[PDB]
Each structure stands twice: as structure tokens, then as C-alpha cells.
Amino acid sequence: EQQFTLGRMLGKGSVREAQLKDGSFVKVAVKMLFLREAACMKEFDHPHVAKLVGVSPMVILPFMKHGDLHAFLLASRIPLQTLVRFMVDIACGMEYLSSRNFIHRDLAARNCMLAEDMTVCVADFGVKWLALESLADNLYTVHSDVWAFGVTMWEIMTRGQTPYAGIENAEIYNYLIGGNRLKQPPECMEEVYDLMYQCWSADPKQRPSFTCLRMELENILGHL
Ligand SMILES: O=C(NCCCN1CCCC1=O)c1cnc(NCCc2ccncc2)nc1NC1CCCC1
């Protein structure tokens with residue numbers, strides 16, 4: 001298939017803007033690099049998960065003008081209420097995906113997209129976001145998805161900072177095993193950091209579910 005016109009580069013892994021064609025012309029985004037798993041991912045539908053437009057190899061996703069969450073956070077830096085709502089949005093998307101038995105593996109702010117209405121959707125159906133057992137055993141589960149969510153929470157709170165900035169990738173395992181984590185940002189709400197810290201328990205069963213996270217973030221959102 002080639003009913004779309006490859007255009008300007010959006011990010012570089014390569015993502016490029018394109019123009020998909022019954023009526024007129026729709027602007028999409030094409031990830032340039034399978035069909036069995038894309039048949040499973042096509043069925044997903046939720047206001048906080050980025051839809052699959054299709055596949056062709058390359059992946060066809062909706063074009064989203066406000067770009068990715070990570071750049072947005074960075075752009076602002078160079079209100080807690082808005083930050084907490086971003087987290088709620090990601091949690092809704094993730095709660096949905098894990099309810100469909102989908103393990104994401106690559107959750108990060110860069111993989112979260114700002115929609116037209118400035119809601120955040122989880123994108124990208126598929127070491128600094130990886131749980132200890134993802135690192136030690138290549139075990140990927142809902143619980144390692146929650147670990148990655150917790151790092152994403154930290155990214156939101158620090159407004160786009162690189163996690164473990166003073167530490168090399170090769171030293172991350174060693175850092176974490178020693179019981180060290182990402183430190184509480186200055187002016188970060190205790191309640192926010194507590195929930196985030198819970199996401200990084202060495203014991204994967206001691207990590208909250210996405211339902212639990214959504215509820216406990218939604219609770220915080222009501223105590224504005
Ligand atoms: O770049 C984009 N839009 C314009 C942003 C430019 N902005 C934003 C504020 C100021 C300004 O000038 C963009 C638009 N649509 C898509 N569609 C999702 C596709 C996708 C699929 C799977 N994984 C990951 C992304 N991705 C985009 N970017 C990707 C390439 C790098 C990060 C994500």
C-alpha cells in the first residue's frame with residue numbers, strides 16, 4: 001500500500017508526516033522501520049490511547065499537532081493541577097490497555113501524545129524507564145508498565161528532566177539494586193511522590209495497579 005505521500009520529518013527510529021487518501025486528504029504520521037499484531041491493535045478504542053490508522057514496513061498513526069508530552073514539558077521550562085491531569089489521562093489509557101491484556105513495554109513521556117483538546121493519549125504499540133526485573137530477567141508485565149508510569153510521573157513533575165541525569169545507562173541496574181530511586185523533585189507534592197515511589201517497589205506485586213493509580217490520582221485531583 002502507498003495511498004499516502006511521505007513528507008516532512010517529525011522526529012528521528014523515524015517518524016514522518018504524510019497525507020493519506022473515498023473523499024479528500026487526511027494528514028497522518030508514519031513510523032518508518034507484524035501484521036498479526038496490528039490486527040489486534042486495530043481493535044483498540046479509548047479516548048486516552050492513540051488510535052491505529054493502519055500499517056503498510058511502517059505504522060500509520062493520527063497526526064497530532066501539539067506533539068509529544070515530553071517536548072511540551074521541556075518547552076514550558078526552557079500548575080500542579082495540569083500536571084496531575086496529564087497523569088490521570090495516561091493512567092486511563094494504561095488501565096484500558098492492561099484490561100485488554102496489552103503490555104506496553106515502552107511507556108515514557110516521549111510516547112505520550114497531546115491531542116487537539118490537549119488531553120494526553122498513550123501512543124506506540126511496539127533502560128531508565130525499566131523495572132529491575134525487566135533489566136535482570138527481561139520480564140515485561142503490567143507491573144513493569146507501572147514502574148515506567150512512575151518514571152513518567154516523575155518526568156511530568158520535573159517538567160521533562162532526564163531521569164538519573166548524573167548516571168550512565170550501564171550503571172542504572174547497580175544504582176537501583178542498592179535501593180536508590182529517583183529523588184523527590186523540589187516543590188513536588190508529598191502525595192504525588194509517595195504514589196510515584198510505590199511504582200518502583202522491587203517487589204512487582206507491591207506496585208499499585210493502573211486502576212489504583214487512576215483512582216488515587218483522581219482523588220488528589222478532587223482535593224485541588
Ligand atoms: O511532531 C509532531 N507534531 C508537530 C509537533 C510540533 N510542535 C508541537 C508544539 C510546537 C511545535 O512546533 C507529531 C505529530 N503526530 C505524530 N503522530 C504520532 C505517531 C507516533 C506513533 C508511535 N510512536 C510515536 C509517535 N507524532 C508527532 N511527533 C512524533 C515524532 C517524535 C515524537 C512524536
# chains A, B, ... in the order shown; residues from 1 in each chain; ligands from 1
>>> closest_atom_pairs(of="chain A", to="ligand 1", cutoff="7 Å", atoms="only C-alpha atoms and all ligand atoms", output="JSON lines")
{"residue": "A:10", "atom": "CA", "partner": "ligand 1", "partner_atom_place_in_ligand_line": "1 (O)", "distance": 4.4}
{"residue": "A:11", "atom": "CA", "partner": "ligand 1", "partner_atom_place_in_ligand_line": "31 (C)", "distance": 3.9}
{"residue": "A:12", "atom": "CA", "partner": "ligand 1", "partner_atom_place_in_ligand_line": "31 (C)", "distance": 6.7}
{"residue": "A:15", "atom": "CA", "partner": "ligand 1", "partner_atom_place_in_ligand_line": "30 (C)", "distance": 5.1}
{"residue": "A:28", "atom": "CA", "partner": "ligand 1", "partner_atom_place_in_ligand_line": "15 (N)", "distance": 6.9}
{"residue": "A:29", "atom": "CA", "partner": "ligand 1", "partner_atom_place_in_ligand_line": "17 (N)", "distance": 4.7}
{"residue": "A:30", "atom": "CA", "partner": "ligand 1", "partner_atom_place_in_ligand_line": "19 (C)", "distance": 6.5}
{"residue": "A:31", "atom": "CA", "partner": "ligand 1", "partner_atom_place_in_ligand_line": "21 (C)", "distance": 6.1}
{"residue": "A:61", "atom": "CA", "partner": "ligand 1", "partner_atom_place_in_ligand_line": "19 (C)", "distance": 5.1}
{"residue": "A:62", "atom": "CA", "partner": "ligand 1", "partner_atom_place_in_ligand_line": "17 (N)", "distance": 5.4}
{"residue": "A:63", "atom": "CA", "partner": "ligand 1", "partner_atom_place_in_ligand_line": "15 (N)", "distance": 3.8}
{"residue": "A:64", "atom": "CA", "partner": "ligand 1", "partner_atom_place_in_ligand_line": "15 (N)", "distance": 3.9}
{"residue": "A:65", "atom": "CA", "partner": "ligand 1", "partner_atom_place_in_ligand_line": "4 (C)", "distance": 4.4}
{"residue": "A:66", "atom": "CA", "partner": "ligand 1", "partner_atom_place_in_ligand_line": "8 (C)", "distance": 4.2}
{"residue": "A:67", "atom": "CA", "partner": "ligand 1", "partner_atom_place_in_ligand_line": "5 (C)", "distance": 3.8}
{"residue": "A:68", "atom": "CA", "partner": "ligand 1", "partner_atom_place_in_ligand_line": "33 (C)", "distance": 5.2}
{"residue": "A:72", "atom": "CA", "partner": "ligand 1", "partner_atom_place_in_ligand_line": "9 (C)", "distance": 6.6}
{"residue": "A:110", "atom": "CA", "partner": "ligand 1", "partner_atom_place_in_ligand_line": "32 (C)", "distance": 6.0}
{"residue": "A:111", "atom": "CA", "partner": "ligand 1", "partner_atom_place_in_ligand_line": "24 (C)", "distance": 5.4}
{"residue": "A:113", "atom": "CA", "partner": "ligand 1", "partner_atom_place_in_ligand_line": "18 (C)", "distance": 6.9}
{"residue": "A:123", "atom": "CA", "partner": "ligand 1", "partner_atom_place_in_ligand_line": "22 (C)", "distance": 5.3}
{"residue": "A:124", "atom": "CA", "partner": "ligand 1", "partner_atom_place_in_ligand_line": "22 (C)", "distance": 3.8}
{"residue": "A:125", "atom": "CA", "partner": "ligand 1", "partner_atom_place_in_ligand_line": "22 (C)", "distance": 6.9}
>>> residues_around(residues="residue A:162", least_positions_apart="6", cutoff="10 Å", atoms="only C-alpha atoms", output="list in words")
residues 128, 151, 154 and 155 of chain A
>>> write_last_selection(atoms="N, CA and C atoms", output="short mmCIF file (atom, residue, chain, number, x, y, z; two decimals), in the first residue's frame")
data_model
loop_
_atom_site.label_atom_id
_atom_site.label_comp_id
_atom_site.auth_asym_id
_atom_site.auth_seq_id
_atom_site.Cartn_x
_atom_site.Cartn_y
_atom_site.Cartn_z
N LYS A 128 16.34 3.57 31.44
CA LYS A 128 15.90 4.47 32.51
C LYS A 128 14.41 4.38 32.90
N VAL A 151 8.01 6.52 36.41
CA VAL A 151 9.11 7.33 35.88
C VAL A 151 8.53 8.49 35.05
N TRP A 154 7.32 11.04 37.29
CA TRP A 154 8.50 11.84 37.69
C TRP A 154 8.91 12.84 36.61
N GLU A 155 8.91 12.42 35.35
CA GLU A 155 9.18 13.30 34.20
C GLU A 155 8.21 14.48 34.14
#
>>> residues_around(residues="residue A:57", least_positions_apart="2", cutoff="8 Å", atoms="only C-alpha atoms", output="MDAnalysis selection string")
chainID A and resid 32:33 55 59
>>> write_last_selection(atoms="N, CA and C atoms", output="mmCIF file, in the first residue's frame")
data_model
loop_
_atom_site.group_PDB
_atom_site.id
_atom_site.type_symbol
_atom_site.label_atom_id
_atom_site.label_comp_id
_atom_site.auth_asym_id
_atom_site.auth_seq_id
_atom_site.Cartn_x
_atom_site.Cartn_y
_atom_site.Cartn_z
ATOM 1 N N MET A 32 8.473 4.857 10.322
ATOM 2 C CA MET A 32 9.240 4.016 9.405
ATOM 3 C C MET A 32 10.252 3.149 10.139
ATOM 4 N N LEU A 33 10.221 1.855 9.835
ATOM 5 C CA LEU A 33 11.107 0.879 10.461
ATOM 6 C C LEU A 33 12.105 0.359 9.433
ATOM 7 N N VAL A 55 -1.397 -0.025 8.959
ATOM 8 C CA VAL A 55 0.007 -0.361 8.709
ATOM 9 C C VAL A 55 0.275 -0.533 7.214
ATOM 10 N N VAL A 59 4.152 2.092 10.279
ATOM 11 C CA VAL A 59 2.937 2.207 11.095
ATOM 12 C C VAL A 59 2.254 3.563 10.875
#
>>> select_by_dssp(residues="stretch 76-138 of chain A", states="strand (DSSP E or B)", output="VMD selection string")
chain A and resid 112 to 114 120 to 122
>>> write_last_selection(atoms="N, CA and C atoms", output="compact mmCIF listing (two decimals), in the first residue's frame")
# COMPACT_ATOMS: atom_id res chain seq x y z
N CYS A 112 3.86 9.63 24.91
CA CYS A 112 2.54 10.19 25.23
C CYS A 112 2.29 11.41 24.34
N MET A 113 1.11 11.48 23.74
CA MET A 113 0.83 12.47 22.72
C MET A 113 -0.26 13.44 23.17
N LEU A 114 -0.08 14.73 22.84
CA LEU A 114 -1.12 15.73 23.09
C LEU A 114 -2.11 15.81 21.94
N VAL A 120 -4.06 13.98 26.94
CA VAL A 120 -2.92 13.12 26.65
C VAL A 120 -3.35 11.69 26.35
N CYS A 121 -2.87 11.17 25.22
CA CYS A 121 -3.09 9.78 24.88
C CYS A 121 -1.78 9.00 24.83
N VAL A 122 -1.86 7.74 25.27
CA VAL A 122 -0.75 6.80 25.20
C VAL A 122 -0.59 6.35 23.75
>>> closest_atom_pairs(of="stretch 129-221 of chain A", to="stretch 95-107 of chain A", cutoff="7 Å", atoms="only C-alpha atoms", output="CSV")
residue,atom,partner,partner_atom,distance
A:140,CA,A:105,CA,6.4
A:141,CA,A:103,CA,5.9
A:142,CA,A:103,CA,5.9
A:145,CA,A:105,CA,6.2
A:148,CA,A:107,CA,5.6
A:149,CA,A:107,CA,6.5
A:210,CA,A:95,CA,4.9
A:211,CA,A:95,CA,5.8
>>> select_by_dssp(residues="stretch 99-170 of chain A", states="helix (DSSP H, G or I)", output="ChimeraX atom specification")
/A:99,109-111,132-137,142-157,169-170
>>> atom_distance(atom1="atom CA of residue A:46", atom2="atom CA of residue A:207")
24.1 Å
>>> closest_residue(among="A:150, A:160, A:47, A:93", to="residue A:195", atoms="only C-alpha atoms")
A:150
>>> atom_distance(atom1="atom CA of residue A:74", atom2="atom CA of residue A:224")
24.3 Å
>>> atom_distance(atom1="atom CA of residue A:146", atom2="atom CA of residue A:202")
12.0 Å
>>> residues_around(residues="residue A:56", least_positions_apart="3", cutoff="8 Å", atoms="only C-alpha atoms", output="PyMOL selection string")
chain A and resi 1-2+59-60
>>> closest_residue(among="A:152, A:50, A:70, A:173", to="residue A:115", atoms="only C-alpha atoms")
A:50
>>> closest_residue(among="A:208, A:158, A:131, A:194", to="residue A:176", atoms="only C-alpha atoms")
A:131
>>> closest_residue(among="A:87, A:130, A:94, A:181", to="residue A:44", atoms="only C-alpha atoms")
A:94
>>> decode(residues="stretch 34-74 of chain A", atoms="N, CA and C atoms", output="PDB file, in the first residue's frame")
ATOM      1  N   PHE A  34       4.194  -8.979  12.412  1.00  0.00           N
ATOM      2  CA  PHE A  34       3.896  -7.555  12.307  1.00  0.00           C
ATOM      3  C   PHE A  34       2.415  -7.316  12.023  1.00  0.00           C
ATOM      4  N   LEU A  35       1.907  -7.938  10.962  1.00  0.00           N
ATOM      5  CA  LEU A  35       0.530  -7.715  10.516  1.00  0.00           C
ATOM      6  C   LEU A  35      -0.488  -8.441  11.399  1.00  0.00           C
ATOM      7  N   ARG A  36      -0.029  -9.495  12.071  1.00  0.00           N
ATOM      8  CA  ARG A  36      -0.839 -10.257  13.021  1.00  0.00           C
ATOM      9  C   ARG A  36      -1.167  -9.397  14.240  1.00  0.00           C
ATOM     10  N   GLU A  37      -0.150  -8.697  14.741  1.00  0.00           N
ATOM     11  CA  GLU A  37      -0.266  -7.890  15.950  1.00  0.00           C
ATOM     12  C   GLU A  37      -0.966  -6.557  15.669  1.00  0.00           C
ATOM     13  N   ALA A  38      -0.814  -6.054  14.445  1.00  0.00           N
ATOM     14  CA  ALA A  38      -1.506  -4.840  14.007  1.00  0.00           C
ATOM     15  C   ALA A  38      -3.005  -5.080  13.827  1.00  0.00           C
ATOM     16  N   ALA A  39      -3.376  -6.341  13.615  1.00  0.00           N
ATOM     17  CA  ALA A  39      -4.780  -6.738  13.553  1.00  0.00           C
ATOM     18  C   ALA A  39      -5.399  -6.738  14.950  1.00  0.00           C
ATOM     19  N   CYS A  40      -4.574  -7.001  15.961  1.00  0.00           N
ATOM     20  CA  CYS A  40      -5.012  -6.949  17.353  1.00  0.00           C
ATOM     21  C   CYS A  40      -5.108  -5.504  17.846  1.00  0.00           C
ATOM     22  N   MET A  41      -4.160  -4.672  17.417  1.00  0.00           N
ATOM     23  CA  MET A  41      -4.053  -3.293  17.896  1.00  0.00           C
ATOM     24  C   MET A  41      -5.073  -2.359  17.247  1.00  0.00           C
ATOM     25  N   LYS A  42      -5.582  -2.768  16.086  1.00  0.00           N
ATOM     26  CA  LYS A  42      -6.584  -2.016  15.332  1.00  0.00           C
ATOM     27  C   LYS A  42      -7.912  -1.958  16.079  1.00  0.00           C
ATOM     28  N   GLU A  43      -8.161  -2.968  16.906  1.00  0.00           N
ATOM     29  CA  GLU A  43      -9.405  -3.063  17.664  1.00  0.00           C
ATOM     30  C   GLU A  43      -9.484  -2.122  18.864  1.00  0.00           C
ATOM     31  N   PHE A  44      -8.331  -1.642  19.331  1.00  0.00           N
ATOM     32  CA  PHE A  44      -8.276  -0.743  20.487  1.00  0.00           C
ATOM     33  C   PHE A  44      -9.009   0.565  20.195  1.00  0.00           C
ATOM     34  N   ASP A  45      -9.794   1.024  21.163  1.00  0.00           N
ATOM     35  CA  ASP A  45     -10.524   2.283  21.049  1.00  0.00           C
ATOM     36  C   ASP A  45     -10.768   2.857  22.437  1.00  0.00           C
ATOM     37  N   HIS A  46     -10.171   4.019  22.701  1.00  0.00           N
ATOM     38  CA  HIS A  46     -10.248   4.688  24.002  1.00  0.00           C
ATOM     39  C   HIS A  46      -9.796   6.134  23.830  1.00  0.00           C
ATOM     40  N   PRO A  47     -10.447   7.085  24.538  1.00  0.00           N
ATOM     41  CA  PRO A  47     -10.087   8.500  24.383  1.00  0.00           C
ATOM     42  C   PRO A  47      -8.650   8.850  24.809  1.00  0.00           C
ATOM     43  N   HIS A  48      -7.992   7.943  25.534  1.00  0.00           N
ATOM     44  CA  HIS A  48      -6.626   8.151  26.014  1.00  0.00           C
ATOM     45  C   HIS A  48      -5.582   7.172  25.472  1.00  0.00           C
ATOM     46  N   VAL A  49      -5.946   6.459  24.410  1.00  0.00           N
ATOM     47  CA  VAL A  49      -4.997   5.673  23.633  1.00  0.00           C
ATOM     48  C   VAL A  49      -5.027   6.195  22.200  1.00  0.00           C
ATOM     49  N   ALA A  50      -3.854   6.446  21.618  1.00  0.00           N
ATOM     50  CA  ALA A  50      -3.765   6.906  20.228  1.00  0.00           C
ATOM     51  C   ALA A  50      -4.207   5.785  19.300  1.00  0.00           C
ATOM     52  N   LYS A  51      -5.142   6.101  18.409  1.00  0.00           N
ATOM     53  CA  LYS A  51      -5.738   5.106  17.527  1.00  0.00           C
ATOM     54  C   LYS A  51      -4.734   4.610  16.498  1.00  0.00           C
ATOM     55  N   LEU A  52      -4.952   3.403  15.995  1.00  0.00           N
ATOM     56  CA  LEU A  52      -4.188   2.894  14.871  1.00  0.00           C
ATOM     57  C   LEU A  52      -4.986   3.201  13.615  1.00  0.00           C
ATOM     58  N   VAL A  53      -4.366   3.934  12.693  1.00  0.00           N
ATOM     59  CA  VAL A  53      -4.979   4.223  11.398  1.00  0.00           C
ATOM     60  C   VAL A  53      -4.722   3.033  10.472  1.00  0.00           C
ATOM     61  N   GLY A  54      -3.564   2.399  10.640  1.00  0.00           N
ATOM     62  CA  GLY A  54      -3.254   1.167   9.927  1.00  0.00           C
ATOM     63  C   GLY A  54      -1.767   0.894   9.847  1.00  0.00           C
ATOM     64  N   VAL A  55      -1.397  -0.025   8.959  1.00  0.00           N
ATOM     65  CA  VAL A  55       0.007  -0.361   8.709  1.00  0.00           C
ATOM     66  C   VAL A  55       0.275  -0.533   7.214  1.00  0.00           C
ATOM     67  N   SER A  56       1.548  -0.435   6.840  1.00  0.00           N
ATOM     68  CA  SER A  56       1.997  -0.678   5.467  1.00  0.00           C
ATOM     69  C   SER A  56       3.455  -1.129   5.447  1.00  0.00           C
ATOM     70  N   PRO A  57       8.762  -2.057   6.765  1.00  0.00           N
ATOM     71  CA  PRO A  57       7.345  -1.733   6.925  1.00  0.00           C
ATOM     72  C   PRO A  57       7.126  -0.505   7.813  1.00  0.00           C
ATOM     73  N   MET A  58       5.913   0.045   7.782  1.00  0.00           N
ATOM     74  CA  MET A  58       5.606   1.276   8.519  1.00  0.00           C
ATOM     75  C   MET A  58       4.234   1.317   9.197  1.00  0.00           C
ATOM     76  N   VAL A  59       4.152   2.092  10.279  1.00  0.00           N
ATOM     77  CA  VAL A  59       2.937   2.207  11.095  1.00  0.00           C
ATOM     78  C   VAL A  59       2.254   3.563  10.875  1.00  0.00           C
ATOM     79  N   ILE A  60       0.959   3.534  10.569  1.00  0.00           N
ATOM     80  CA  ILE A  60       0.212   4.765  10.304  1.00  0.00           C
ATOM     81  C   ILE A  60      -0.634   5.195  11.515  1.00  0.00           C
ATOM     82  N   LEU A  61      -0.268   6.327  12.115  1.00  0.00           N
ATOM     83  CA  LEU A  61      -0.979   6.889  13.270  1.00  0.00           C
ATOM     84  C   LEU A  61      -1.584   8.270  12.981  1.00  0.00           C
ATOM     85  N   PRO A  62      -2.583   8.700  13.789  1.00  0.00           N
ATOM     86  CA  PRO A  62      -3.146  10.046  13.644  1.00  0.00           C
ATOM     87  C   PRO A  62      -2.082  11.127  13.750  1.00  0.00           C
ATOM     88  N   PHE A  63      -2.224  12.196  12.964  1.00  0.00           N
ATOM     89  CA  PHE A  63      -1.341  13.344  13.123  1.00  0.00           C
ATOM     90  C   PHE A  63      -1.832  14.180  14.291  1.00  0.00           C
ATOM     91  N   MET A  64      -0.899  14.588  15.142  1.00  0.00           N
ATOM     92  CA  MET A  64      -1.243  15.329  16.346  1.00  0.00           C
ATOM     93  C   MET A  64      -0.362  16.550  16.506  1.00  0.00           C
ATOM     94  N   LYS A  65      -0.968  17.713  16.241  1.00  0.00           N
ATOM     95  CA  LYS A  65      -0.249  18.979  16.050  1.00  0.00           C
ATOM     96  C   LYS A  65       0.466  19.486  17.296  1.00  0.00           C
ATOM     97  N   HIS A  66      -0.039  19.150  18.477  1.00  0.00           N
ATOM     98  CA  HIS A  66       0.591  19.646  19.706  1.00  0.00           C
ATOM     99  C   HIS A  66       1.817  18.809  20.123  1.00  0.00           C
ATOM    100  N   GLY A  67       2.079  17.735  19.384  1.00  0.00           N
ATOM    101  CA  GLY A  67       3.254  16.869  19.586  1.00  0.00           C
ATOM    102  C   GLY A  67       3.250  16.039  20.860  1.00  0.00           C
ATOM    103  N   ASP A  68       4.436  15.597  21.274  1.00  0.00           N
ATOM    104  CA  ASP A  68       4.562  14.671  22.396  1.00  0.00           C
ATOM    105  C   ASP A  68       4.687  15.375  23.739  1.00  0.00           C
ATOM    106  N   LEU A  69       4.259  14.674  24.784  1.00  0.00           N
ATOM    107  CA  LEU A  69       4.225  15.244  26.114  1.00  0.00           C
ATOM    108  C   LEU A  69       5.600  15.733  26.580  1.00  0.00           C
ATOM    109  N   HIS A  70       6.646  15.005  26.199  1.00  0.00           N
ATOM    110  CA  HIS A  70       7.977  15.294  26.703  1.00  0.00           C
ATOM    111  C   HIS A  70       8.503  16.642  26.197  1.00  0.00           C
ATOM    112  N   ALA A  71       8.398  16.885  24.900  1.00  0.00           N
ATOM    113  CA  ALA A  71       8.728  18.215  24.350  1.00  0.00           C
ATOM    114  C   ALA A  71       7.901  19.334  25.021  1.00  0.00           C
ATOM    115  N   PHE A  72       6.591  19.123  25.162  1.00  0.00           N
ATOM    116  CA  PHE A  72       5.705  20.103  25.810  1.00  0.00           C
ATOM    117  C   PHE A  72       6.190  20.473  27.205  1.00  0.00           C
ATOM    118  N   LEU A  73       6.543  19.467  27.999  1.00  0.00           N
ATOM    119  CA  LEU A  73       7.083  19.713  29.331  1.00  0.00           C
ATOM    120  C   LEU A  73       8.378  20.509  29.272  1.00  0.00           C
ATOM    121  N   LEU A  74       9.244  20.142  28.327  1.00  0.00           N
ATOM    122  CA  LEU A  74      10.520  20.815  28.136  1.00  0.00           C
ATOM    123  C   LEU A  74      10.300  22.266  27.656  1.00  0.00           C
TER     124      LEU A  74
END
